[PDB]
>>> print(open('final26.pdb').read())   # PDB, N, CA and C atoms
ATOM      1  N   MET A   1      43.400  17.124 181.396
ATOM      2  CA  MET A   1      44.702  16.405 181.291
ATOM      3  C   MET A   1      44.706  15.214 182.250
ATOM      4  N   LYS A   2      43.793  14.294 182.080
ATOM      5  CA  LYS A   2      43.757  13.112 182.987
ATOM      6  C   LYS A   2      44.942  12.198 182.676
ATOM      7  N   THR A   3      45.876  12.102 183.578
ATOM      8  CA  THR A   3      47.057  11.228 183.336
ATOM      9  C   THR A   3      47.364  10.430 184.601
ATOM     10  N   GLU A   4      46.518  10.509 185.595
ATOM     11  CA  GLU A   4      46.793   9.749 186.846
ATOM     12  C   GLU A   4      45.559   8.979 187.282
ATOM     13  N   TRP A   5      44.394   9.474 187.001
ATOM     14  CA  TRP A   5      43.197   8.736 187.455
ATOM     15  C   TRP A   5      43.352   8.446 188.948
ATOM     16  N   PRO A   6      43.746   9.437 189.710
ATOM     17  CA  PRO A   6      43.958   9.246 191.146
ATOM     18  C   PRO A   6      42.603   9.139 191.799
ATOM     19  N   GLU A   7      41.684   9.855 191.258
ATOM     20  CA  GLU A   7      40.295   9.795 191.776
ATOM     21  C   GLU A   7      39.728   8.419 191.443
ATOM     22  N   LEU A   8      40.415   7.672 190.617
ATOM     23  CA  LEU A   8      39.908   6.331 190.241
ATOM     24  C   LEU A   8      40.229   5.334 191.351
ATOM     25  N   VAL A   9      40.947   5.757 192.350
ATOM     26  CA  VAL A   9      41.297   4.816 193.445
ATOM     27  C   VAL A   9      40.042   4.162 194.006
ATOM     28  N   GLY A  10      40.179   2.955 194.472
ATOM     29  CA  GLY A  10      39.022   2.254 195.075
ATOM     30  C   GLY A  10      37.873   2.143 194.069
ATOM     31  N   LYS A  11      38.115   2.433 192.818
ATOM     32  CA  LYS A  11      37.016   2.327 191.818
ATOM     33  C   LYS A  11      37.029   0.926 191.205
ATOM     34  N   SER A  12      36.719   0.806 189.944
ATOM     35  CA  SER A  12      36.713  -0.544 189.315
ATOM     36  C   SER A  12      37.173  -0.445 187.860
ATOM     37  N   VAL A  13      37.658  -1.527 187.315
ATOM     38  CA  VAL A  13      38.124  -1.503 185.900
ATOM     39  C   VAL A  13      37.053  -0.853 185.022
ATOM     40  N   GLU A  14      35.805  -1.053 185.344
ATOM     41  CA  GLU A  14      34.720  -0.445 184.523
ATOM     42  C   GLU A  14      35.080   1.011 184.216
ATOM     43  N   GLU A  15      34.940   1.875 185.185
ATOM     44  CA  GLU A  15      35.270   3.318 184.978
ATOM     45  C   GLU A  15      36.732   3.464 184.555
ATOM     46  N   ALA A  16      37.592   2.603 185.023
ATOM     47  CA  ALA A  16      39.029   2.717 184.638
ATOM     48  C   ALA A  16      39.173   2.534 183.128
ATOM     49  N   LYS A  17      39.175   1.321 182.652
ATOM     50  CA  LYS A  17      39.315   1.108 181.186
ATOM     51  C   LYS A  17      38.412   2.102 180.451
ATOM     52  N   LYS A  18      37.238   2.316 180.977
ATOM     53  CA  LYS A  18      36.267   3.256 180.349
ATOM     54  C   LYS A  18      36.916   4.615 180.074
ATOM     55  N   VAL A  19      36.994   5.436 181.082
ATOM     56  CA  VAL A  19      37.574   6.802 180.914
ATOM     57  C   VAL A  19      39.062   6.713 180.581
ATOM     58  N   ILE A  20      39.812   5.954 181.325
ATOM     59  CA  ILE A  20      41.269   5.839 181.032
ATOM     60  C   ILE A  20      41.474   5.630 179.524
ATOM     61  N   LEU A  21      40.635   4.837 178.912
ATOM     62  CA  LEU A  21      40.759   4.545 177.446
ATOM     63  C   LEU A  21      41.172   5.774 176.619
ATOM     64  N   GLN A  22      40.932   6.971 177.073
ATOM     65  CA  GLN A  22      41.322   8.140 176.233
ATOM     66  C   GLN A  22      42.013   9.226 177.063
ATOM     67  N   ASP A  23      41.270  10.068 177.762
ATOM     68  CA  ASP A  23      41.919  11.145 178.580
ATOM     69  C   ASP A  23      43.130  11.682 177.813
ATOM     70  N   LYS A  24      44.301  11.171 178.086
ATOM     71  CA  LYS A  24      45.497  11.598 177.309
ATOM     72  C   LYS A  24      45.178  11.268 175.840
ATOM     73  N   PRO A  25      46.146  11.231 174.959
ATOM     74  CA  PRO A  25      45.851  10.901 173.563
ATOM     75  C   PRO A  25      45.623   9.399 173.454
ATOM     76  N   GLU A  26      44.434   8.966 173.764
ATOM     77  CA  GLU A  26      44.110   7.515 173.687
ATOM     78  C   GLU A  26      45.060   6.697 174.552
ATOM     79  N   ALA A  27      45.216   7.040 175.798
ATOM     80  CA  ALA A  27      46.099   6.221 176.662
ATOM     81  C   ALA A  27      45.224   5.122 177.267
ATOM     82  N   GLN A  28      45.444   3.893 176.889
ATOM     83  CA  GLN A  28      44.582   2.789 177.399
ATOM     84  C   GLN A  28      45.121   2.250 178.717
ATOM     85  N   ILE A  29      44.629   1.117 179.137
ATOM     86  CA  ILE A  29      45.096   0.548 180.422
ATOM     87  C   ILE A  29      45.026  -0.987 180.388
ATOM     88  N   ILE A  30      45.974  -1.628 181.020
ATOM     89  CA  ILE A  30      46.026  -3.121 181.047
ATOM     90  C   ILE A  30      45.230  -3.651 182.244
ATOM     91  N   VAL A  31      44.167  -4.363 182.011
ATOM     92  CA  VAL A  31      43.376  -4.896 183.158
ATOM     93  C   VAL A  31      43.902  -6.276 183.558
ATOM     94  N   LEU A  32      44.542  -6.383 184.695
ATOM     95  CA  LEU A  32      45.058  -7.718 185.113
ATOM     96  C   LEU A  32      44.826  -7.935 186.609
ATOM     97  N   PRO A  33      44.700  -9.189 186.973
ATOM     98  CA  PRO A  33      44.471  -9.602 188.366
ATOM     99  C   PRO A  33      45.798  -9.622 189.130
ATOM    100  N   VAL A  34      46.504  -8.527 189.136
ATOM    101  CA  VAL A  34      47.804  -8.480 189.855
ATOM    102  C   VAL A  34      48.665  -9.676 189.431
ATOM    103  N   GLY A  35      48.584 -10.770 190.142
ATOM    104  CA  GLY A  35      49.401 -11.961 189.772
ATOM    105  C   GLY A  35      50.844 -11.528 189.511
ATOM    106  N   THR A  36      51.675 -12.433 189.073
ATOM    107  CA  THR A  36      53.093 -12.068 188.798
ATOM    108  C   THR A  36      53.167 -11.291 187.480
ATOM    109  N   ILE A  37      54.344 -11.111 186.947
ATOM    110  CA  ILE A  37      54.474 -10.364 185.663
ATOM    111  C   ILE A  37      54.931 -11.324 184.562
ATOM    112  N   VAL A  38      54.113 -12.281 184.221
ATOM    113  CA  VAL A  38      54.499 -13.248 183.154
ATOM    114  C   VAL A  38      55.795 -13.962 183.547
ATOM    115  N   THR A  39      55.695 -14.973 184.370
ATOM    116  CA  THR A  39      56.910 -15.726 184.804
ATOM    117  C   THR A  39      58.063 -14.750 185.054
TER     118      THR A  39
ATOM    119  N   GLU B  41      60.288   7.629 177.143
ATOM    120  CA  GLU B  41      59.108   6.901 176.595
ATOM    121  C   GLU B  41      58.190   7.887 175.868
ATOM    122  N   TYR B  42      56.985   7.483 175.564
ATOM    123  CA  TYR B  42      56.050   8.396 174.850
ATOM    124  C   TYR B  42      54.659   8.316 175.484
ATOM    125  N   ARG B  43      53.630   8.492 174.699
ATOM    126  CA  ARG B  43      52.247   8.428 175.251
ATOM    127  C   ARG B  43      51.744   6.988 175.187
ATOM    128  N   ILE B  44      52.505   6.055 175.699
ATOM    129  CA  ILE B  44      52.050   4.639 175.661
ATOM    130  C   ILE B  44      50.573   4.586 176.019
ATOM    131  N   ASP B  45      49.847   3.689 175.430
ATOM    132  CA  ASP B  45      48.399   3.616 175.726
ATOM    133  C   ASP B  45      48.101   2.374 176.579
ATOM    134  N   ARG B  46      48.887   2.156 177.603
ATOM    135  CA  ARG B  46      48.659   0.981 178.492
ATOM    136  C   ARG B  46      49.136   1.315 179.909
ATOM    137  N   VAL B  47      48.523   0.729 180.900
ATOM    138  CA  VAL B  47      48.929   1.013 182.310
ATOM    139  C   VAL B  47      48.639  -0.203 183.195
ATOM    140  N   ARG B  48      49.612  -0.685 183.917
ATOM    141  CA  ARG B  48      49.365  -1.873 184.788
ATOM    142  C   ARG B  48      48.169  -1.628 185.704
ATOM    143  N   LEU B  49      46.989  -1.933 185.251
ATOM    144  CA  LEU B  49      45.803  -1.745 186.124
ATOM    145  C   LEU B  49      45.557  -3.042 186.884
ATOM    146  N   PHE B  50      46.202  -3.175 188.001
ATOM    147  CA  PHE B  50      46.035  -4.385 188.836
ATOM    148  C   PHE B  50      44.653  -4.324 189.491
ATOM    149  N   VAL B  51      44.029  -5.442 189.731
ATOM    150  CA  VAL B  51      42.682  -5.398 190.365
ATOM    151  C   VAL B  51      42.692  -6.201 191.662
ATOM    152  N   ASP B  52      41.680  -6.037 192.463
ATOM    153  CA  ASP B  52      41.618  -6.786 193.743
ATOM    154  C   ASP B  52      40.824  -8.075 193.535
ATOM    155  N   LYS B  53      40.190  -8.548 194.563
ATOM    156  CA  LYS B  53      39.384  -9.778 194.450
ATOM    157  C   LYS B  53      38.079  -9.440 193.722
ATOM    158  N   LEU B  54      37.442  -8.371 194.120
ATOM    159  CA  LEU B  54      36.168  -7.956 193.468
ATOM    160  C   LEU B  54      36.438  -6.805 192.493
ATOM    161  N   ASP B  55      37.553  -6.831 191.819
ATOM    162  CA  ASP B  55      37.882  -5.729 190.863
ATOM    163  C   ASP B  55      37.766  -4.378 191.577
ATOM    164  N   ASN B  56      38.635  -4.129 192.519
ATOM    165  CA  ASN B  56      38.606  -2.833 193.259
ATOM    166  C   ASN B  56      39.934  -2.117 193.051
ATOM    167  N   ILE B  57      40.027  -1.380 191.982
ATOM    168  CA  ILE B  57      41.281  -0.636 191.645
ATOM    169  C   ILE B  57      42.024  -0.197 192.906
ATOM    170  N   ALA B  58      42.859  -1.051 193.421
ATOM    171  CA  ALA B  58      43.646  -0.696 194.632
ATOM    172  C   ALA B  58      44.958  -0.039 194.186
ATOM    173  N   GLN B  59      45.195   0.007 192.899
ATOM    174  CA  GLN B  59      46.439   0.641 192.376
ATOM    175  C   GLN B  59      46.048   1.703 191.346
ATOM    176  N   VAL B  60      46.615   2.875 191.428
ATOM    177  CA  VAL B  60      46.243   3.946 190.458
ATOM    178  C   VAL B  60      47.155   3.913 189.225
ATOM    179  N   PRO B  61      46.546   3.947 188.064
ATOM    180  CA  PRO B  61      47.276   3.971 186.788
ATOM    181  C   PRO B  61      47.671   5.417 186.471
ATOM    182  N   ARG B  62      48.616   5.635 185.597
ATOM    183  CA  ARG B  62      49.009   7.038 185.278
ATOM    184  C   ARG B  62      49.283   7.181 183.783
ATOM    185  N   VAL B  63      50.065   6.302 183.240
ATOM    186  CA  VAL B  63      50.374   6.365 181.780
ATOM    187  C   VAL B  63      51.389   7.488 181.510
ATOM    188  N   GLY B  64      51.763   8.224 182.519
ATOM    189  CA  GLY B  64      52.743   9.328 182.313
ATOM    190  C   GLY B  64      54.134   8.868 182.755
TER     191      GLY B  64
END
>>> encode(input="final26.pdb", output="structure tokens")
Amino acid sequence: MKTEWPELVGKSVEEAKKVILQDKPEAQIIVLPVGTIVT
Amino acid sequence: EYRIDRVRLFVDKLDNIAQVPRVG
């Protein structure tokens, strides 16, 4: 039941988008450089 | 909400997941 990826801390989008891509029922993830939230 | 398939995965300078995603 991966729904936090807490162990993903200090990791990288690689393993993130990778595994995160499913775990739950295909729960994906938005890869962004922090920045603001679209104006 | 529901099982949205997206999570604000913010990255650092060298892509260092400094923020943990959850989707829950």
>>> interface_residues(input="final26.pdb", of="chain A", to="chain B", cutoff="6.5 Å", atoms="all atoms listed in the file", output="compact mmCIF listing (two decimals) with N, CA and C atoms, in the frame of the given file")
# COMPACT_ATOMS: atom_id res chain seq x y z
N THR A 3 45.88 12.10 183.58
CA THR A 3 47.06 11.23 183.34
C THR A 3 47.36 10.43 184.60
N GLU A 4 46.52 10.51 185.60
CA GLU A 4 46.79 9.75 186.85
C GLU A 4 45.56 8.98 187.28
N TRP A 5 44.39 9.47 187.00
CA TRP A 5 43.20 8.74 187.46
C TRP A 5 43.35 8.45 188.95
N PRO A 6 43.75 9.44 189.71
CA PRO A 6 43.96 9.25 191.15
C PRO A 6 42.60 9.14 191.80
N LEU A 8 40.42 7.67 190.62
CA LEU A 8 39.91 6.33 190.24
C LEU A 8 40.23 5.33 191.35
N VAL A 9 40.95 5.76 192.35
CA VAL A 9 41.30 4.82 193.44
C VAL A 9 40.04 4.16 194.01
N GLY A 10 40.18 2.96 194.47
CA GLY A 10 39.02 2.25 195.08
C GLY A 10 37.87 2.14 194.07
N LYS A 11 38.12 2.43 192.82
CA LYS A 11 37.02 2.33 191.82
C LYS A 11 37.03 0.93 191.20
N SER A 12 36.72 0.81 189.94
CA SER A 12 36.71 -0.54 189.32
C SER A 12 37.17 -0.44 187.86
N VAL A 13 37.66 -1.53 187.32
CA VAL A 13 38.12 -1.50 185.90
C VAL A 13 37.05 -0.85 185.02
N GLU A 26 44.43 8.97 173.76
CA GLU A 26 44.11 7.52 173.69
C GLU A 26 45.06 6.70 174.55
N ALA A 27 45.22 7.04 175.80
CA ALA A 27 46.10 6.22 176.66
C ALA A 27 45.22 5.12 177.27
N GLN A 28 45.44 3.89 176.89
CA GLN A 28 44.58 2.79 177.40
C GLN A 28 45.12 2.25 178.72
N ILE A 29 44.63 1.12 179.14
CA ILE A 29 45.10 0.55 180.42
C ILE A 29 45.03 -0.99 180.39
N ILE A 30 45.97 -1.63 181.02
CA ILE A 30 46.03 -3.12 181.05
C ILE A 30 45.23 -3.65 182.24
N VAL A 31 44.17 -4.36 182.01
CA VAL A 31 43.38 -4.90 183.16
C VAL A 31 43.90 -6.28 183.56
N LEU A 32 44.54 -6.38 184.70
CA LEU A 32 45.06 -7.72 185.11
C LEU A 32 44.83 -7.94 186.61
N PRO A 33 44.70 -9.19 186.97
CA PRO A 33 44.47 -9.60 188.37
C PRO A 33 45.80 -9.62 189.13
N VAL A 34 46.50 -8.53 189.14
CA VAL A 34 47.80 -8.48 189.86
C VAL A 34 48.66 -9.68 189.43
>>> atom_distance(input="final26.pdb", atom1="atom CA of residue A:16", atom2="atom C of residue A:35")
19.1 Å
>>> atom_distance(input="final26.pdb", atom1="atom N of residue A:38", atom2="atom N of residue A:14")
21.5 Å
>>> atom_distance(input="final26.pdb", atom1="atom CA of residue A:37", atom2="atom CA of residue A:20")
21.4 Å
>>> decode(input="final26.pdb", residues="stretch 13-31 of chain A", atoms="N, CA and C atoms", output="CSV table (one decimal), in the first residue's frame")
chain,number,residue,atom,x,y,z
A,13,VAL,N,13.6,12.1,-8.7
A,13,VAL,CA,12.4,11.9,-9.6
A,13,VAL,C,12.5,10.5,-10.2
A,14,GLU,N,13.7,10.1,-10.6
A,14,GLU,CA,13.8,8.8,-11.2
A,14,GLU,C,13.0,7.7,-10.5
A,15,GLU,N,13.5,7.3,-9.3
A,15,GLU,CA,12.7,6.3,-8.5
A,15,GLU,C,11.3,6.8,-8.2
A,16,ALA,N,11.2,8.1,-8.0
A,16,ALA,CA,9.8,8.7,-7.7
A,16,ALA,C,8.8,8.4,-8.8
A,17,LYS,N,8.9,9.1,-9.9
A,17,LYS,CA,7.9,8.9,-11.0
A,17,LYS,C,7.9,7.4,-11.3
A,18,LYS,N,9.1,6.8,-11.2
A,18,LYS,CA,9.2,5.3,-11.5
A,18,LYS,C,8.2,4.5,-10.7
A,19,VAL,N,8.5,4.3,-9.4
A,19,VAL,CA,7.6,3.5,-8.6
A,19,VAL,C,6.3,4.2,-8.3
A,20,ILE,N,6.4,5.5,-7.9
A,20,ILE,CA,5.2,6.2,-7.6
A,20,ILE,C,4.1,6.0,-8.8
A,21,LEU,N,4.6,5.9,-10.0
A,21,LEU,CA,3.7,5.7,-11.2
A,21,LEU,C,2.6,4.7,-10.9
A,22,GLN,N,2.7,3.8,-9.9
A,22,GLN,CA,1.6,2.8,-9.7
A,22,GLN,C,1.3,2.7,-8.2
A,23,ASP,N,2.1,1.9,-7.5
A,23,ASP,CA,1.8,1.6,-6.1
A,23,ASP,C,0.3,1.6,-5.8
A,24,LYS,N,-0.3,2.7,-5.5
A,24,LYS,CA,-1.8,2.8,-5.4
A,24,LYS,C,-2.3,2.4,-6.7
A,25,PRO,N,-3.6,2.6,-7.0
A,25,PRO,CA,-4.1,2.2,-8.3
A,25,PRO,C,-3.6,3.2,-9.4
A,26,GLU,N,-2.4,3.0,-9.8
A,26,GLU,CA,-1.9,4.0,-10.9
A,26,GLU,C,-1.8,5.4,-10.4
A,27,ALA,N,-1.3,5.6,-9.2
A,27,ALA,CA,-1.2,7.0,-8.7
A,27,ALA,C,0.1,7.6,-9.3
A,28,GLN,N,0.0,8.6,-10.2
A,28,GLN,CA,1.2,9.1,-10.8
A,28,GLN,C,1.8,10.3,-9.9
A,29,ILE,N,2.7,11.0,-10.5
A,29,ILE,CA,3.3,12.2,-9.7
A,29,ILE,C,3.7,13.3,-10.6
A,30,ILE,N,3.5,14.5,-10.2
A,30,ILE,CA,3.9,15.7,-11.0
A,30,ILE,C,5.3,16.1,-10.8
A,31,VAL,N,6.2,16.0,-11.8
A,31,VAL,CA,7.6,16.4,-11.5
A,31,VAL,C,7.8,17.9,-11.8
